[PDB]
Protein chains: 2
Amino acid sequence: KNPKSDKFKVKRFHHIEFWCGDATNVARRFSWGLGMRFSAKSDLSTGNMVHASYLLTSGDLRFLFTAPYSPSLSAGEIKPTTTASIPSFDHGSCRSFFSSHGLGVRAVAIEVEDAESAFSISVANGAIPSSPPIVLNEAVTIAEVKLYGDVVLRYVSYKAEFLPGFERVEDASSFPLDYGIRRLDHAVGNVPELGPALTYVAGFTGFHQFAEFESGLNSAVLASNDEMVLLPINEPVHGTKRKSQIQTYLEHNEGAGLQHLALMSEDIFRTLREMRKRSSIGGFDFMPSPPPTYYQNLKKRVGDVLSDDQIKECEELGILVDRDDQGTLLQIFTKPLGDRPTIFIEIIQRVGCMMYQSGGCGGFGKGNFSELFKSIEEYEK
Amino acid sequence: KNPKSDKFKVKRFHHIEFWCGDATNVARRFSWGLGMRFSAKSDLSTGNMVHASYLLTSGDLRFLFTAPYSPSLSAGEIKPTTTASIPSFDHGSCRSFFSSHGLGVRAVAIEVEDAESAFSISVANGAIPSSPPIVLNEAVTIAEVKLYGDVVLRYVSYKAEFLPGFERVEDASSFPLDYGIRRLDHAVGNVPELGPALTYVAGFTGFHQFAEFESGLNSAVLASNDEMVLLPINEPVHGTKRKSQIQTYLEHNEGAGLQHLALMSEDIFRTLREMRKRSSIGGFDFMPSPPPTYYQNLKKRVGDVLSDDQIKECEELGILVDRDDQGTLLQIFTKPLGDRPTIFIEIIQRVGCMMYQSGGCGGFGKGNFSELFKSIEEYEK
Ligand SMILES: Cc1c(C(=O)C2=C(O)C=CCC2=O)ccc2c1c(=O)n(CCc1cccc(Cl)c1)c(=O)n2C
Ligand SMILES: Cc1c(C(=O)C2=C(O)C=CCC2=O)ccc2c1c(=O)n(CCc1cccc(Cl)c1)c(=O)n2C
Ligand SMILES: [Co+2]
Ligand SMILES: [Co+2]
């Protein structure tokens with residue numbers, strides 16, 4: 001059931017912005033590790049005396065890395081005279097965010113028809129304002145409201161190239177890396193209490209609960225009208241044998257924040273080959289692979305969807321597989337992206353639900369908590 | 001002339017420590033960009049609840065990357081009960097350093113016979129204490145005094161593996177990269193006033209001025225007894241046509257600090273091939289190459305030292321060449337290592353001065369200011 005109750009017209013995930021201490025080093029690491037091309041910049045070389053911002057792209061996926069310069073460079077500016085390309089940016093907010101949380105996501109940006117209207121309606125329906133709508137060069141409107149913790153939901157809308165004041169990156173420094181990642185599938189928050197977080201966000205968006213079919217968490221998913229903007233939220237379950245990983249997150253993150261970003265690949269096998277090649281030479285590590293019993297058990301679970309060779313390829317790469325009543329999901333998780341055991345990345349590919357492919361086809365892999373548990377006890381023998 | 005006036009016995013550069021916002025991402029970028037192996041760690045997985053510290057090595061060169069965790073993880077500790085592996089580390093100092101200066105060098109560490117004695121004698125001769133001598137697991141003593149700005153000179157001494165509490169890195173995550181870098185040749189500070197900085201440092205070390213043979217700077221070099229610890233210092237020259245790059249440093253760095261690290265390669269040609277291969281896929285960029293007239297002029301300057309093929313190879317890679325009365329220097333400079341136009345890296349190889357090779361053979365390339373200027377006007381034609 002989908003009541004299509006969005007209170008404003010939402011299109012797609014537009015970008016994810018990381019707040020960094022040094023944007024250069026994070027962006028270059030992420031570019032090599034994920035196969036994303038350097039596409040735009042806003043920094044000293046473009047006249048921005050406030051913040052350094054570098055954009056990586058792979059398909060429709062946009063990762064933005066931003067860090068503050070010394071406030072002294074812009075001490076004479078006021079907001080009417082600012083050289084920042086992102087008017088919501090604040091030196092003090094950025095430094096406090098990074099000191100409190102370490103490296104992580106500041107903004108989940110969705111593209112909307114009308115960012116001023118999206119902001120107004122949101123705030124009229126309980127959203128905590130974070131940055132009022134601002135029109136950039138009469139072409140792009142950007143607005144921000146609080147999502148959870150210190151993460152904002154950012155609305156962007158275009159009259160008709162990333163943002164004004166950003167410049168396309170020079171051909172020489174823009175090496176066309178590509179490991180097959182194409183778009184952001186979903187973005188997941190960790191919170192202390194799922195109920196109040198769900199009520200708040202669903203309250204100002206009109207996003208509906210996405211139908212779902214001892215692990216330390218309860219979770220629910222909010223979705224836009226066409227279920228292409230997907231925002232799951234987790235809360236810890238206390239009192240378990242193994243301490244909840246959601247609670248460990250909240251502790252090391254200093255509270256709520258973005259837990260993982262799930263990136264859709266058009267060929268998860270090639271993506272994982274390419275990423276695993278680079279794990280130990282500057283890229284990303286992956287969680288420990290499931291035992292072979294897990295892949296033995298795949299024949300019964302997904303033998304109508306994956307061949308024996310396609311299953312062996314999953315075993316080669318540590319890929320996980322889960323199933324809805326509608327589709328099949330292949331997924332794998334990286335180790336944390338930075339120093340703290342907080343944010344990580346999920347690579348996914350979905351099979352089925354053709355009409356184009358409907359959002360969320362195959363679910364989010366929650367059946368893999370049980371199957372992993374079973375397979376490890378089965379492998380123990 | 002070398003009076004060998006060291007006030008304590010100094011051995012060699014031991015390591016360079018960067019203070020970071022996220023040590024993971026800087027270290028992984030540096031590892032790939034410079035061909036340095038992950039060798040040791042001190043972090044949550046080793047019981048360190050205070051800071052994440054990752055060590056990269058290439059030959060004798062040691063780069064340490066450190067960032068603070070949330071203070072809440074260690075809120076119950078006191079210095080007698082600390083889990084930090086580096087007792088001088090302070091959350092507030094690290095955050096203030098990084099917020100003020102961005103990514104850069106906090107510690108220039110030299111190995112000495114006796115770090116307690118080195119500290120005491122230093123302070124008795126005017127050094128500003130920064131961290132008193134502390135004995136780690138009865139095996140290693142570490143002490144720190146102020147060098148310039150917020151950079152410390154760190155003394156380390158061993159009774160007889162990097163530091164106690166650091167663990168050797170797992171074979172799988174320790175990929176044996178190597179582009180030919182072997183040791184730190186020199187470490188260079190930028191200051192507002194060269195005279196008072198020279199007097200201070202030479203005053204508490206007994207380091208002597210290293211003999212030297214419109215560019216925007218004045219500089220001098222301090223050296224240990226065998227001239228293997230080399231610490232040049234720059235000050236800006238004001239009132240030039242082109243604004244001094246030293247002054248630009250001081251402005252963007254919020255004052256004095258480490259300007260560049262010069263890394264000796266045992267094969268500068270292979271190092272630069274390997275680094276330039278990776279410039280646009282996560283590694284380091286290099287300053288713009290000199291005009292072809294510069295390499296035409298190399299035949300007259302160094303034709304007795306480099307063949308025509310070895311010169312063409314310099315032109316291929318943008319390598320610079322300078323000459324002492326004693327030796328020849330090949331050098332090249334990276335673009336800034338991070339967001340701000342502050343710290344950069346120099347790759348060098350020295351030819352001559354065999355006895356082993358004496359320190360500083362060939363100088364520091366100050367003749368290349370004139371030769372670059374000449375060659376660009378010559379290329380203009
Ligand atoms: C993130 C994630 C998802 C996911 O995407 C997600 C949503 O998108 C929607 C909300 C529910 C939800 O979880 C699905 C399955 C997962 C994981 C996962 O993170 N992990 C490792 C956990 C782990 C493992 C070992 C020790 C610790 Cl402390 C912790 C798993 O095993 N599975 C099976
Ligand atoms: C760092 C450096 C050295 C060096 O190692 C050093 C010491 O170790 C000892 C003290 C003197 C000293 O300088 C030598 C030569 C250099 C550079 C250099 O940095 N540069 C680029 C500068 C530059 C160029 C263009 C615009 C701007 Cl704003 C700025 C050069 O050209 N040469 C020729
Ligand atoms: Co997920
Ligand atoms: Co130098």
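Naming: A, B, ... by sequence-line order, numbering from 1 per chain.
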Regarding B/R340 and A/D22, does a basic nitrogen lie under 4.0 Å from an acidic carboxylate oxygen? no

Return each pair, listed once, that meets salt bridge (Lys or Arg N to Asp or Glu O under 4.0 Å) where at least one residue sits in residues 244-263 of chain B; pairs must be two or more places apart or across chains. B/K243-B/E251

Please name all residues satisfying side chain to side chain donor-acceptor pair (under 3.5 Å) with B/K277, sequence neighbours left out, ordered by chain then number. B/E274

Looking at B/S244 and B/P236, would you say the former's side chain and the latter's main chain have a donor-acceptor pair under 3.5 Å? no

Are B/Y158 and B/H14 an aromatic pair by the rule of ring centers under 6.0 Å? yes

Heavy-atom donor-acceptor pair, B/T205 side chain to B/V201 backbone, under 3.5 Å: yes

Establish, from distance only, whether the side-chain atoms of B/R37 and B/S174 form a donor-acceptor pair under 3.5 Å. yes

Side chain to side chain donor-acceptor pair (under 3.5 Å) involving B/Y148 - partner list, sequence neighbours excluded: none

Do B/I376 and B/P290 have side chains that approach each other closer than 4.5 Å (heavy atoms only, starting at C-beta)? no

For A/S58, enumerate each residue passing the side chain to side chain donor-acceptor pair (under 3.5 Å) test, keeping only those at least two apart in sequence or located in another chain. none

Okay, side chain of A/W32, backbone of B/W32: is any donor-acceptor separation there less than 3.5 Å? no

With a 3.5 Å cut-off and no angle check, do the side chains of B/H186 and B/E346 form a donor-acceptor pair? yes

Using the side-chain contact (heavy atoms from CB on, under 4.5 Å) definition, which of the options B/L330, B/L261, B/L263 pairs with B/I347? B/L263

Partner residues of B/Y54 under the ring-ring contact (aromatic ring centres under 6.0 Å, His included) criterion, sequence neighbours left out: none

Centroid separation under 6.0 Å, is that true for the rings of B/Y379 and B/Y294? no

Applying salt bridge (charged side-chain N to carboxylate O under 4.0 Å, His left out) to B/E17 and not counting sequence neighbours gives B/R154

Answer whether the closest heavy-atom distance between the side chains of B/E227 and B/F210 falls below 4.5 Å. yes

What class does the angle between the rings of B/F18 and B/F65 fall in, given that below 30° is parallel, 30 to 60° is tilted and above 60° is perpendicular? parallel

With a 4.5 Å heavy-atom cut-off, do B/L55 and B/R62 have their side chains touching? yes

Kindly indicate whether the side chain of B/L64, heavy atoms from C-beta on, has any atom under 4.5 Å from the side chain of B/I16. no

Just by modelled atom types, is the B/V191 backbone N or O under 3.5 Å from a matching donor or acceptor in the B/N234 side chain? no

Any donor-acceptor N/O pair, A/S280 side chain to B/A172 backbone, under 3.5 Å: yes

For B/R12 and B/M228, indicate whether the former's side chain and the latter's backbone hold a donor-acceptor pair under 3.5 Å. no

For B/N297 and B/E378: C-alpha separation, side-chain torsions, deciding distance, then whether side chain to side chain donor-acceptor pair (under 3.5 Å) applies. CA-CA 10 Å; B/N297 302 348; B/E378 292 175 0; 2.6 Å; yes

For residues B/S53 and B/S42, is any side-chain donor paired with an opposing acceptor at under 3.5 Å? no

Is it true that the side chains of A/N25 and B/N25 contain a donor and an acceptor less than 3.5 Å apart? no

Between the main-chain N or O of B/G327 and the side-chain N or O of B/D324, is there a donor-acceptor pair closer than 3.5 Å? no

May I have all residue pairs that pass salt bridge (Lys or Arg N to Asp or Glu O under 4.0 Å) and include part of residues 24-36 of chain B, sequence neighbours excluded? A/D285-B/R28

Pair B/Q331-B/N368, side-chain donor/acceptor within less than 3.5 Å: yes

For the pair B/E316 and B/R273, find out whether any cationic side-chain nitrogen is under 4.0 Å from an anionic carboxylate oxygen. no

Ignoring hydrogens and geometry, is there a side-chain-to-backbone donor-acceptor pair from B/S224 to B/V229 under 3.5 Å? yes

Given 3.5 Å as the limit, does a donor-acceptor pair link the side chain of B/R183 with the main chain of B/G59, or not? no

Keeping the roles fixed (side chain from B/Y249, backbone from B/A256), state whether a donor-acceptor pair exists under 3.5 Å. no

A/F286: which residues meet the ring-ring contact (aromatic ring centres under 6.0 Å, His included) condition with it, sequence neighbours left out? none

Between B/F97 and B/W19, does the ring centroid distance fall short of 6.0 Å? yes

Sequence neighbours excluded, which residues qualify as side chain to side chain donor-acceptor pair (under 3.5 Å) partners of A/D339? B/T24

For B/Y155, the ring-ring contact (aromatic ring centres under 6.0 Å, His included) test, sequence neighbours excluded, returns B/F8

With B/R350 via salt bridge (charged side-chain N to carboxylate O under 4.0 Å, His left out) - residues at least two apart: B/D185

Can you pull the salt bridge (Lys or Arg N to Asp or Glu O under 4.0 Å) pairs that have at least one residue in residues 255-272 of chain B, sequence neighbours excluded? B/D178-B/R270, B/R182-B/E266

Would a line drawn from the ring center of B/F284 to the ring center of B/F344 be shorter than 6.0 Å? no

